[PDB]
Structure formats: C-alpha cells, structure tokens
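The structure under discussion appears below in the form of structure tokens.
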Protein chains: 12
Amino acid sequence: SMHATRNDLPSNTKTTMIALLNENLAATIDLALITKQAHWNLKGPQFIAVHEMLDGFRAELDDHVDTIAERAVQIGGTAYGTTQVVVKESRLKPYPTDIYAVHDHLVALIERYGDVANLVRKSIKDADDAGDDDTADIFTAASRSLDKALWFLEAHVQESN
Amino acid sequence: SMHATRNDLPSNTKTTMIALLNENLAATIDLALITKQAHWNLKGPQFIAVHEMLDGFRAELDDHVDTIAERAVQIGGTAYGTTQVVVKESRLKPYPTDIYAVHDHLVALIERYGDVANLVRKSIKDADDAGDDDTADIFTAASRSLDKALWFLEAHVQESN
Amino acid sequence: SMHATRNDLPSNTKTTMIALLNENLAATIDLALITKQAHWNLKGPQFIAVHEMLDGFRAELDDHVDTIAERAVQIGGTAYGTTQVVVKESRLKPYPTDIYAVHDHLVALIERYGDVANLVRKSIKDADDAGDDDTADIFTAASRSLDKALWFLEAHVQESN
Amino acid sequence: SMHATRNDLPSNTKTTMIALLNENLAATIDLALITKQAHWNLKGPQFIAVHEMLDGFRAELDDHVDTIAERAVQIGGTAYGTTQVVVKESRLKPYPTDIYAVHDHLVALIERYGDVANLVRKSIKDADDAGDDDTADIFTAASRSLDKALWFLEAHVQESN
Amino acid sequence: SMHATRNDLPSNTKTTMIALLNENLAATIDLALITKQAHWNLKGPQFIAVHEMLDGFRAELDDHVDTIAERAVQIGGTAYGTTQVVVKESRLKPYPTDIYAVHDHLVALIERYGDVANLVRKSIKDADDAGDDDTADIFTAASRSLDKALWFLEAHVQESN
Amino acid sequence: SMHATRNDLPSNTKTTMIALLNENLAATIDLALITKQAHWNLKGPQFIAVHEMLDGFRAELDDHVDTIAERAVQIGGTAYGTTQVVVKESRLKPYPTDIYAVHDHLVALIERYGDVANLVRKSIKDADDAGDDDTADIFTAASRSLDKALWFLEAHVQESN
Amino acid sequence: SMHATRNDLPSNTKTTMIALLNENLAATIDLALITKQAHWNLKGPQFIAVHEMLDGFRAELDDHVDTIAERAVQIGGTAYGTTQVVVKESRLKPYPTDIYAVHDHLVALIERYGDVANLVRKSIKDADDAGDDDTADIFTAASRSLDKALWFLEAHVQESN
Amino acid sequence: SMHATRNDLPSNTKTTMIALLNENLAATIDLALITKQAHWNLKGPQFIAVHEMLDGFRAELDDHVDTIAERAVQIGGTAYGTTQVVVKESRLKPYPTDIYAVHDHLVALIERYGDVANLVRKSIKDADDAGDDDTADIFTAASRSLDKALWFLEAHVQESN
Amino acid sequence: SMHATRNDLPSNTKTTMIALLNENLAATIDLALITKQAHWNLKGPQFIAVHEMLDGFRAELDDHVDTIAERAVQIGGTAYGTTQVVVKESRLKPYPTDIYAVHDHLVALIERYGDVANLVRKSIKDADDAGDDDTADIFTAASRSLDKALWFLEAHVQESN
Amino acid sequence: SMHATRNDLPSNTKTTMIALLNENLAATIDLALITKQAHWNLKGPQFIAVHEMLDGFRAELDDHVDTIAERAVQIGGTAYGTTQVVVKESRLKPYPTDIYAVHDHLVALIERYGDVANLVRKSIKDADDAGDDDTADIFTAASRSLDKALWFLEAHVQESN
Amino acid sequence: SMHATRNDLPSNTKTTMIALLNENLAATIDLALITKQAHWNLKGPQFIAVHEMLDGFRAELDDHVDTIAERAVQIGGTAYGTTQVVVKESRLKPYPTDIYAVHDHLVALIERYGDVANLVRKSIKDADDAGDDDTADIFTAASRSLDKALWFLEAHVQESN
Amino acid sequence: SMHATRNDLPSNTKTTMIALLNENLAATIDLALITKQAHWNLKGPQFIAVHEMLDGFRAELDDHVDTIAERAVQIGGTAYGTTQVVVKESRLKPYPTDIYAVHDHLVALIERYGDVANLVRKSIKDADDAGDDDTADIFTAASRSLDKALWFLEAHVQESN
Ligand SMILES: [Ca+2]
Ligand SMILES: [Ca+2]
Ligand SMILES: [Ca+2]
Ligand SMILES: [Ca+2]
Ligand SMILES: [Ca+2]
Ligand SMILES: [Ca+2]
Ligand SMILES: [Ca+2]
Ligand SMILES: [Ca+2]
Ligand SMILES: [Ca+2]
Ligand SMILES: [Ca+2]
Ligand SMILES: [Ca+2]
Ligand SMILES: [Ca+2]
C-alpha cells in the first residue's frame, strides 16, 4: 500500500502519520455526509438560515478531506475514503434518519461535530510529537474550521431566545 | 418519514418517486466517494490530467446528489444519504483500495460510472411513466452529465495510442 | 393579436399554448408581486433569513416570467402582463396587506406558491400532450423552481422547533 | 397598519410620508410591469436595441420600487404593492395590449414614463417640505433614473432620422 | 465508425440517434457559419445592434454544436463536422455572399433559422420516439435557443416602424 | 488643528461642520465597535442569520465613518477617531458585555442604532442650515443606511412570531 | 438648440439649468484634460504614486462630465463639449505645458481643482434655488468628488515632511 | 521640453517622433471630445444603439491617447494635451454643435474618424521609416482601432435598408 | 462586392489585401472546423488533455477569423466565410473522418496547422509589401497563435516518452 | 461569562486562552482605530501612497480582530471589544491627535505597531505553552501580518533617501 | 547589512534566521528557474498536461520566494536573490539543458524538488528550535506546497501505466 | 539542441533567432531577479509606491520571459534559462546587494533596465532583418514594456521635487 518517495520524513513517521491521516479522513468524510443529511431533512422555524449554514460547513469539510487524504498519499501511503472504509473506520454514532425538527438536528450535529473537532485537535499534537509539522499544520487548519463550525452550532442552543 | 405538502403530485406517485430518488441518491453519493478515492490514489504517466478531470466529475455529481435528495424532500419524503444507508443501498461494487495505475482506475471507474449512468437513464423513463415530469427532468440532467463523464473515461481506453 | 412566424408548430397547438402561457404568465407575475409584498412587511424573530430568502424567490420568478412571456411571443402570440390583465387572469387569492408576523406570511405564501406550483406542473403535461416540447420544458424549469421554493416555505412550518 | 419605531420623525411626518411613498410605489410598480409588457411585444426595425434598453429600465425601476417600499416600512408603515392595490392606486392610463410597432410603444411609454417622472420629481419637494430628507433623497435618486429613461425614450422620437 | 461503450441504449437506437445527431450537427455548423457571414457584411441604419445580436446567436449555436456532436460520440458514434461533410449534409440553401442591407440579411437569415429551428424541433420527437431521452433533451435546449433566435430576427420585420 | 484649503466654504461653516462631523464620527465609530461586540457574543435560535446581518451593518458603518472623517479633513479640520476621543465624545450608553440572548442584543442594538440614526438625521438639517450641502448629503447617505439597519433590527421584535 | 420633453420642470428653470450645466461641463472637461496633462509629464521623487492618483481623478471626472452633459440634454437642451467650446467657455487658467516637477504640478492642479470644486459647490445651491433638485444632486455628487480630490492634492503640500 | 533618458533611440529620431506623437495626440484627444459631443446630442430612431456604440469608441480612443502621450514622454519629450494645445494643433474641422439627427452625426463623425484614421495609418510608416519600431507599433494598434471604428460608422450609411 | 470608405489605403492595395484576407479566412475557418472534428473524435491515453487543448486552439482561431474577416470589410470589401466558399478556397487536405487514436489526430492536425501557419506567416510579408501595415499586424497576431499551437502539437510527437 | 461547549480543550486552557485572546483583542482593536486616525490626518509629500497603505493595514487588522474575538467565544468565553474595554485594556500610548506630517505619523505608528507586533508574537508561545494549537496558529497569522506591516512602516524611515 | 527594527525577536534568533531564510531563498529561486526550464523544453506524449502543471508549481514557488525574502527583511536583515548569489548558495545540481523527453524532465525535477522539499521541511524545525514561530510557519506553508508538488511529480513515475 | 518542425522559417533564420532569443532571455531573467532584489530591500520615504511599482515590472517581465523562451522552442530550438546559463550569458553588471536607499535602487535599476531596453529594441531590428516577423513582434511588445518601465524609473530622478 506504499510507494517510494524522495520525501525524507522518517519511515516510522510516515507509517504513523498515514494511519493518523486515514483515521481523520474517515471521520471527516462521515461528517461531510452527516452534514448534508441534516441539510436536506431539517424542518422548523430556523430552516433557511441553518440549511444554508450547513452548506458552508460541507464546503469547508470538503477542502479538509482533500488536504488530509492527499497528505497521506504525499508521504507514500494510500488514502482510504470509500463508503466501505468510512462505515468501518469512523467512530461517529450513526446519524438518525428519522429526525426533522431543527433543534433535533442541531443537538445531533453538535455531538458529531464535537467528536470530530476533538479528534482533529488532538491529531495536531500527535503529528507534532511524531515530527511531522506539515501534517500538524493541516490538522490545525482543519481544527480551526471544526471549532468554528462547532461554535456556530452550539451558539444556536446556548441560550433559548 | 413523510411530511405534508401542498404539492399535488398524486399520493401514490410521491411514494414511488421518493423510493426511486433515494435509490439513485445512494448510487450517486457512492459514485462521488469513489471518484475522489481514485483522484487521490492514481499513479502513472497520465496522472495530472486524469487527477484534475476527476475533480470536475465530483463537482458535477455533488450538484446532482443535492438535486435528487431535495426532490425527494420536496414531494414530502426523507432523503437518505448517510454512510450507513449508502453502504446498504448502493449496488455499486466496493471500489478496490489497492489499485494505483491510472489504467486500473480508469477500468474500475468505467464500470461504476457505467452502472450509475444506466441506472439514472432508466430512472428518467420510470419517472416519466409514473407521471413525475420534474423528477424525470432531474434524472435527465444527471444522465447527461453521467453519459458525458462515462465518455471522458472510455475515450481514454477506446484506442491504445 | 397574432403575427406570422416560420415556426411550424401547428396553428391549433400555437393557439392553445399561447393561452396556456398567458395563464401561467399572469399567475407568476402576481406571485412575484406577492413575494415582494411579504418581503417588505414581514416582522418577527425570523425576519432577516426569510426577508432575504424571498428576494431569491423573486429573482427566480422574474426569469421564468420572461421565459414564459417570450415563448408566447415566439410562437406568434401576444404576452399579456399589465396590472389590468394580471388582476383578472391571475387565479391567486388576493394577498392580505394587513399581516406582519412571519408565521402569517409563511402560511399565506405557502397557499399562493402551492397554487402556482401545481398550475405550472400540470401545464407541463398540457404542453407535452399538445406536442409542444419546448413549452413543456419551459414549464418544467419553472416547476422545478416553484416546487423547491414551496419546499423552502413549507419546511419552515412542517415542524415547530 | 403601523408598528412603532425609534425613528424620531414626528407622527404627522411619518403618516404623510408613508402615504406619499405608497402613492409613488403604486406608480413605479405599474410602470415596471408596463416596461416588460412593451419589451416582450415590440416589433419593427429597432427591435433588439429597444428590447434590451427596456430591460435596463426595468432593472433600475426594481431597485427604486424596493427602496420606496422599504422606506415606508422603516418609518413605521405598511408597503402596499399587490396587484389589487396597484390597479386601484396607480393613475397611469392602462397600457394597451394591442400595439406592436416600436414607434407605438415608444409613444405610449413616453406618456407613462413622463407621468411617473413628474410625480416622483414633485414628491422630492413634498418630502423636503415635510422635513423628511431621507425620503426626499430616495425620490431624488428615483427621479434621476426616471428623467434619464424618459430622455432615452424621447430621444428616439425627437428627430426622425 | 463505432466504438464500444457501457452506455446501454439499444444498438438500433444508437445507430439511428447517431444519424439524427449528425444530420442536426451539419445543419447547425452550417447555420453558425451563415450567422458570421451576415454579421461581417451587414450594412444599413440598424447595423450595430443587429451586428452584435448575431454574435450572441453564434455563441449559442457553438454550444449546441458541441453538445450535439459529443452526444453522437458518447453513444458510441463518430461526429462528422468537417467542411466537406457539412457542405454535403446541410440542406440549407447556400447563403448569398452579395447582400448587405440589414433587411436582406434578416430575410435570408429567417429562411435558414426557420429551417434549422423546424428540423431541431422535429428531432426532439424523433429522439423521444426512439427512447433516447438525453438526446431529446439536447435537441430541446437547442430548439429553445433556435426558436428564440428566430423570433429576434422575425420581430425586426413583423412590423415596419 | 486646521490646515489651509482653497475650498471656499465660509470659514464659520468649516468650523461648525468640522465639529458636527466629529460628533457624528465619534457616535458612528462607537456604533461600529458595538455592532461587532454583539456579532461575536450572541447566542440563540436566530444565531447565524443575525450574526451575518450584523457584519453587513458593520461594513456599511465603516464606509460612513470614513466618509464623515474625510469630510472633516477636506474642509480643513482634524478627524478625531482614537479610542480616547471616542470614549469621551460618544454619547452612546456603554454596551453590556454580559448579555448573550439574541433578543437581548437586538434590543440593546435598537437602543444605540436608534440614538445614532436620530443624531445623523438631525445633522443633515444642521449641515443644510449651515450651507454645507456636501456634508448634508454625506449625512443623508449615512442616515438612509442607519434607518434601514434600525428597521432590520426592529422588524425582529415588532412581532413575536 | 432645444427639443420637446414631457419633463415638467418649469421652462425658465430648464433654460437657466441648461446654461449652468454647460458652464460646469466646460470647466470639468477642461479639468479632465489638465489632469492627464499633469499625469503624463510629472517628474520627481513622488512620481508613481501621484501619476496613479491622477488617473483615479480622471476616471471620476469622466463620470461627472457625462452626468452633467446628459442632464442638460434630459431637460431639453444641448450639451456643449467640443474643444472649441471648452477653450472659450472654461473659466480655468490655461494649464502650463512647461512644468515637470511634481511639486509644480501639485500647485498648478490645486489652483484648477480649487476653481472647479468651488464652482460646482456653488452650483448645487444655484440649482436648489431654481427648484431643480436632480440637478442640485448631480452637482452634489460631483462636488463631493472634487472636494475629496482637492484634499488629496493639498494634503501633499500642507506639510513638508 | 526635453529630459535625459538612457533610451538609445537616436537623438534625431527622438525629436522627430516626439513631434509626430504630439500631432497624433492632438488629433485623437480632439476626436475623443467629438465622440462624446455626438453621444450626448444624437436623436432619432437609432438613438440607443449608436449612443452606446460611441461610448465604446471613446473608451478605445482614451487608451490610445494615453499610449501615444506616454511614448513621447518615454523617449525624452513633453506630451501636449491641454485644450489650448489641442484646439491649435488638431486639424479636425470643428464639430457642429447644432446637429441632432443620428444620420447627421454619423456623417460628421465619418469625416473626422476618416481624417484621424488616415493620419495615424500614415504615421505608422513615418515612424517605421525613422527607425522607431515601438512608436510604429503604437500607431498600428491605434490605427487598427480607428479603422474598425470608421467601419462601424460607415456600415450604418453604406446601405439604407 | 465593394462599398465606399474614407480609409485611404490605395485602391490597388485594397483589392489585393481583400483577396489576401479572404484566402486566409478560408484557411482559418477550415482549420477551426478541423480542430473541433479532432476534439470530438479523439480517443486514447492522452484524451482529456489533448481534448481540452484543442478547445483553446479553437477559441484563438475564432478570434483571428473575426479579425481577418472584419479587416476585409473595413477596407471596403466582402468577407467570404460560408461553407460553399471555404470548401472551394481552402487548400487544406480534407480531414479524415475515420481516425480516432490521439496519435493519428496529432499527426493529421500538425499537417494542417503547419500549412495554415506557413500561409499566414507569408501573408504578413505580402501585406507589408503592399503597404498595409494593419493587415500585416493582423496576420502577425494570427501567426504567433498558429506557431504556438503548432509547437503544442509537435511537442507531443518530437519525443516518444 | 462562560458557556458550555463540547470543545474538549482543558478547562484551565480555556480560561487562560480566553484572557490572552481578550488582551490581544484590545490591543488590535485600538491599533485598528489608530491606523485610521493616521490615515485621515496625514499630510506631506508621500500622502497618497501612505494613506492607501494604511487602509491595507486596517483591512488585515479587521480580519485578525474577528478571528481573535471569535476564538475566545468558540472555546466558551466572552469577547470584550467595546470602546470602554479597549480604552482600559489596551496598553498602547494614546495616539496624538495633533500631528500631521507623514514622518511624525510614521514614527508614532511604528511605536504602536511595534508594541502590538511584539505582544502578538509572544502570545503565540503563551498559547503553545497552554496546549492551544489553534489559538497559537491564530496568533501566528496575526503576527505575520503585524511583522510585515511593521516592516512596511519602518522601511519608510530606515533610510533617508 | 542589518537595519534597526522594533521587532523584539532576540538578536541571535534574528541572525540565525536571516541566514536560514537566505539559504532557503537561494534554493527556492533556483528551483523556480529550473521549473520554467523544464516547462519550456519538455517534449513527448504528456506534453500539455505537464507543461501546464509546471506553471502551477512556478506560481506557488514565486509566492513562497517572496514570503521567505520579506521575512528576512522584516527581522532586520537583507534578502539575497540575485543570479550571482543564487548560483553560489543553491546546492541544487545544475539542471541539464540537453534533455527533452517528459520522462527525463520528471526524473530530473524529482531530484531537485526532493532536495528543496527536504531542506524546507527541516528548516521548519530549525526555526521552531530558534524560537521564531512566524518563520517556522512560513517554511511550513512552503513545505506543504513543495511536498504536494513532489507528489504530483512522483505520481507520474510511481506506476508505469 | 534542435527538434524538427513544420515551421518554415529558413534554416539560418531559425539558428540566428534562437541565439538572439536566448541572448534576450538571459538578460530578461536576470532583470526579473534584479527587480525582486530591489523590491525586497528598498528603504526610504518613497518605499511603498516604489515597492509596489517593482512588482508590476516583475509581472510584465515574467510574461515577456515566457514569450521569448517559447518562441525559441517553437522555431525548433532550446530555451536556456537556468541560473548557470543566465549568470554566464547575461551582460548586466552584477546587482549590488549592499544598497537600500530608494535612490540607490533607482539608479542601479535605471542602469540595468536601460541596458535591457536597448538590447531588446535593437533585437526587433535584428529579427526584422532576418525575416522573422513574429520574433520581431515579440521583441516589440517586450521593448514597449521595457521603455515604459525605464521611464517610470527615470521619471523619479529627472526632477528633484
Ligand atoms: Ca484533490
Ligand atoms: Ca442543497
Ligand atoms: Ca426578456
Ligand atoms: Ca428589499
Ligand atoms: Ca467540447
Ligand atoms: Ca479613507
Ligand atoms: Ca453617457
Ligand atoms: Ca497613463
Ligand atoms: Ca466580429
Ligand atoms: Ca465574524
Ligand atoms: Ca513582495
Ligand atoms: Ca509558458
């Protein structure tokens, strides 16, 4: 599953970072699909603003998914992003397909956004500790996006009016 | 799974169309993931042109996925697009995660694109027959995109030089 | 009210389609005016999201108004779009000028959008049966926009939180 | 028909200005519809240039219509812009639906453009006199657009070659 | 002249549609050339507006030419668009190279745009009857453009002032 | 604090307008900061739509701040816009830093937007009476923006659903 | 030199405004040429910044020149803007063609910009006194541009470091 | 009037080319002002098409005016473009300020555009003969624009229908 | 075939340049159609890159075809660009409609691009010699585009790996 | 002043970072107001270049202010950016409102830019030390902008010619 | 070669970082020239795709070159990027000027991109270790670009079909 | 170093123009590096305007470098643009790396821009004499850019205030 590269990151670093990148890739792809799931099916008084907001989140996730995947490839590995892989390697709770109210989707999204945000933020440190600054930076950009999206979601529920 | 709408498409036709739209949604989301899987992992002399071409395909699939999903919702149904749904409801063979050569990706992609192209093309007629002209037209837009993408792939292998 | 054209749609077809286009033209012009009426006067907690949403609807309706009007003219007819014509030939229930609450506008708009959506959707079939495929396609484009707008409105009231 | 606002314009100025804004709103919406009525149906040697010019006028009118309506609302009033209100409140002579010649449309348009131009220009002074400088400015911007459009029309008939 | 494709349109449908697409391709390429011929050589008081209008037509034809040619290829065929093919397979009467006055070009264009508009419109139905919904849609888009163009030309001569 | 200019507005008019401009400059800079204060800290069901609306407000305020400051300079004065000046010359009540609910920020912002809208509106007349028509016009533009923003805010609370 | 218009500004207002507009038109066209004259021939340490600044000035003048000319024509007059008219009717002192130092051009330009700025500013009031609010407004927009340009010029010489 | 440059065009070529450039500068500035004069004052059936066309001409002339002037400066000279210089050094017949009919403007413009077109075209050869290829190219770009604009004008009068 | 123009190129230069331009016009229109023929039908491993490249070539060719044709008209001639003329006046070997391999299209295109590249290059000199500098420059621009396009084609076959 | 978040940064990291972010927020907002203060009031030979440069700085600061403020909120805190807070928590020496010469502004600005640049650069380390990689990155982006702006300023005074 | 700055990075950090930035600057400038050398001279079946790809690489390298150079200057140093310096300080093996095949250029480029990629990636850590977070971040962005480009290159040679 | 082409430029014209193109290529790449060297390191009162001006120069140079290099390759040759070639084949005096003052950079840049401007201008004539009109035109475009850039630089020193 590896290919040769002149990239001189140590071999053990490449192995551990490819694993870490793929773990994050599965999480973020799953979250991308969850985001559209919610976007299509939400109903209630805040429909249009939340509907539109979720498209923005998906667009951001798409960029980070690409950057994460391509990083695994750059350092000699394979990127694993098919449905069969994602369903197995993502730890996100299956997103309910029988919820509709904006509030139910917000609380469901907060759980999952929170899980992915916390994963990616930790992965910054794991990459830094492994000696892979570029990978750490990639997770840092992704984490900034995820922590902002998590805030946009939580801000809707942190007060009731 | 249903919500009331003033849309007066006959009730039985809504039911059959929601099912048809979800069948096609599962296929097109799966094909979207497959397209990126190939994009990241392709290697060989035609790397960059094919890499970029596949991003074009993904952007068009994303637009047809949204159109199909929202159509299901418009006529009073639920769009089902989570990883857990897609992995069960897509009939596309799992994309191999251990291929790299551009030619191997082209052959694997032609198989999946051909399957989705033919499914969506048949769905146009199923929708027209059922009396849902907007759904037929949504499938027609999708089919035109799929048949063009299929050609782009096949044109790479229909001659050898 | 007619002018000569090399367009060889049968004369009966032209006559029936010119009337059908004018019927839809009236309905859509009126819906455009209604849409702005609500946009200006809505008040309540969802003000800005709904206010901006209605501008998007108007922009889409304008494009369909033009397309329907110009089709009547293309096939040798006159397009009837003055206030005096619209107030008589639009079958939309007069929109109230004494409502303000966003909820009240949403409910009223759902009534009006449903009416036009269902008119245009059937008109696809009238045109197709008449053997005017271009006019049927014009109505199909307009119908897709109307069904999506109807959904955007209905989605606000289909759940309560 | 009123909602309270912190805008400290005196009650009498608010009520007089709301009425004046609504008078001009009805005239400009009607004129907007007239402009497209002519745009669709004009025929003759200068067709394309005039056809396009009238879309320019309509775009400008739309912006002024919005600005006038929204000013009535800002100062605590209701904007009245439905077909039923416009047909009663506009003083423009019903535009003929049985004229085609570019020249005939030019002459008929000049009549109505003249009427609205002169109405809006006078309304600048009425607002200024009422001590509502923002409304006067809104009318000044609309009047500049109207006087320029009137010129564009008249310039076509002021000489014969 | 054929190449293997996964596209599952029946063999006879492919053969007949490739022929129909090539017939329409020859007519539309010829019409494109005709359009520029007129564009360059027109003279008279309406010169600039008609000159520009005709570039708009050519841009539209170019897009329909490509879509039609590529459809023939997508379904396993060859697209035939060389000068030698077009001069043989177009049925448009050779365009006169010794006319100048805007009126004479408008009349000569009406003849040829009418012929192509009517061919394309009938071809929608031929494609639909053959069970090729994408091809039918391609001709529908092309027909819409052609009927609008025919009107823009005819609208210049349907009245004389 | 003054510099010579060939601008021949009367000396006493320059002095009184510089003062009036600076008074308005202090209020508008303070309002700009207040607007972002609200934007960052609001929480509740209408979060994203109101968050984004307030960025629109701030962008409009920035342009008017610049225009007011630069006018004071053009006519030979100094623009005073530092935090120390603003905290002393603004009469806006200090914005609470312990509120979060969207409703609470809307009412707080209505207070301050109203205060500024009414100041700027009065300042049009003060400038006109002083014989500085450009300064009056600058205040007119700022006032139209302020009255519209004030409406956007008040419209959220003028009805409860 | 006059043509008939439905514009109902009083006849004596038209006559006096047409003269005032043409007087301003002459000065502003002259200032436009002067601006470029300086732009081409300036030399010295601040060359590129001042060179580019002067192109910004010319672009704004051009817009006002057109608005002033077209206003004269809209109200039934002739716009006079040929070289022979401008050399006779411009109130500006002929610009020297034998200066080069940036400072020399700045000083010369300040004289000319001051004259035009002061003329246009006065003309706002002359128009307002004549009851022509649109013309007053056109001069206000022009005066705001000229006063700001005058400042940009003077600011370069109001301190020496 | 000269400043030193490292540009090693021979001194006599500089002197001759500076003179030639200034001759062409005066003609093109004069033609620019003439173009706007016609633009503002034309009246008749072709108003809007020709009005707009003349703005395109003026935009192009502006670019060539700049290029020509700057070339004189680049090779050590002064650019002479004030009203007082242009009225003396342009040999264009003063443009009439008492014509209105579009046909009258077309024919007057044709005479002036013909004069400048033919001057600039000859000047290409004069520059090439003097050994200044860059100046010859500047005149070639200007000449191409002028010959095309001359055609746009002439094409209007070369036929009558 | 000829119309009067003030363009003072000698009568014999005009005649010979019109013929020369039309010879090049036939070649370049033929090449434009050839480029699309290859674009549609090519197949093999380099498909997408070469497919897209050929669209770039076509766009450049279209611009030069227009410039060549319009130059013929500007100098009082007729542009001849119909299918019947091009098939007669182009000396390009008819393009084969039974080739597919990318390599075969590259070789076939190189023959035709070379022929046109070399005709246009020679035509620069023919125009210079005739004293038509603008026409020479028109051919210089076209020739630069053709020699670049020829290189892009040849570079594909000048090495084998 | 805290709200709950799923963001799993340690509670002490959140507290510490919210304080640090707010410290930098006060400094950067104060600097933003200082930058415009200079922008408006500067006078001297380098006026327009430095005037424009300072608007570039303010635009960059605005983005960093937003990012810093929002990060404090994301991690469960309150952002404090009112005039009253900034005047108390910014340590920048109050900016003089009685200086004009470009040089004096440059020297004053360097002091304040220096102080903010140095604070923000240190805060990268303080954030790293607290285990908040996203916050550190936010300060890194701000620090890069500040160090660059500081150079732009200092570069004006580091040599005298 | 140093200038005073308020930037308070420690003196030894400045000296060592200036040297490190200049070592990277020479490598990246050399690589930029190498990239264009390949781009112009490559020949073979993948010409156009690789030709374009290398322009993308060059545009990225230019941005990083500027960032690196400016950082050295910002911290009080001199940026050294002349040909004479680059040829002395780059360690990249001189690029062969006698290769043409795409494959030969790919292999040659991989060697040089690998060297620079590895140098920059190590330099991130050298900067972090010296306590210069902004410089580390600049190298991180550059390293990310380099590692991605290295992959784009290697991906072409990592498989043979 | 040569590759076969259908380009019919005479053999010795190809050889001599390849040499001449490579001579100018070395000069212009070296000037491009010089321009950036000045850009980064300049300091003094005119810093920002001159800093920015030099990026405009570099962008123009980059386009000419590409056009020159590609021309050499188009006509069958090799483009030589590596650091090792440029250092040997450029005759520009090594640019000083110990200068900072704006004036020092202007003087040094004037020397080198002058040398390159004069080389390229002569090269137009050498290409024309050899019969290569396209190469001559390429040098004409570059010469126009260089003569303009040289002026921009010399205008800063041609007068002292
Ligand atoms: Ca990618
Ligand atoms: Ca969607
Ligand atoms: Ca229309
Ligand atoms: Ca609105
Ligand atoms: Ca195509
Ligand atoms: Ca400003
Ligand atoms: Ca105008
Ligand atoms: Ca210029
Ligand atoms: Ca053309
Ligand atoms: Ca924000
Ligand atoms: Ca830079
Ligand atoms: Ca290139």
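For ligands, and for the atoms within them, numbers begin at 1 and follow the listed sequence. To find a chain, count down the sequence lines: A is the first, B the second, and so on, and within it residues start at 1.
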query: So do the side chains of H:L109 and H:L54 get within less than 4.5 Å of each other, counting heavy atoms only?
result: yes
- request: Could you please tell me which protein N, O or S atoms lie under 3.0 Å from the Ca ion (ligand 7)?
  value: G:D66 OD1, G:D66 OD2, G:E70 OE2, H:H39 NE2
task: Would you give the length of the straight line joining atom CZ of H:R58 to atom NE2 of H:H39, rounded to the nearest 0.5 angstrom?
output: 9.5 Å
- line: From the list H:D55, H:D30, H:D62, salt bridge (charged side-chain N to carboxylate O under 4.0 Å, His left out) with H:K36 holds only for H:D55
query: Does the pair K:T67 and K:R71 meet the rule for a side-chain contact (heavy atoms from CB on, under 4.5 Å), with working shown?
result: CA-CA 6 Å; K:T67 306; K:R71 177 68 176 166; 5.7 Å; no
message: Determine whether the aromatic ring centres of residues D:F57 and D:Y113 are separated by less than 6.0 angstrom.
response: yes
- request: Run the ring-centre check on L:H105 versus L:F47 and record whether the distance is less than 6.0 Å.
  value: no
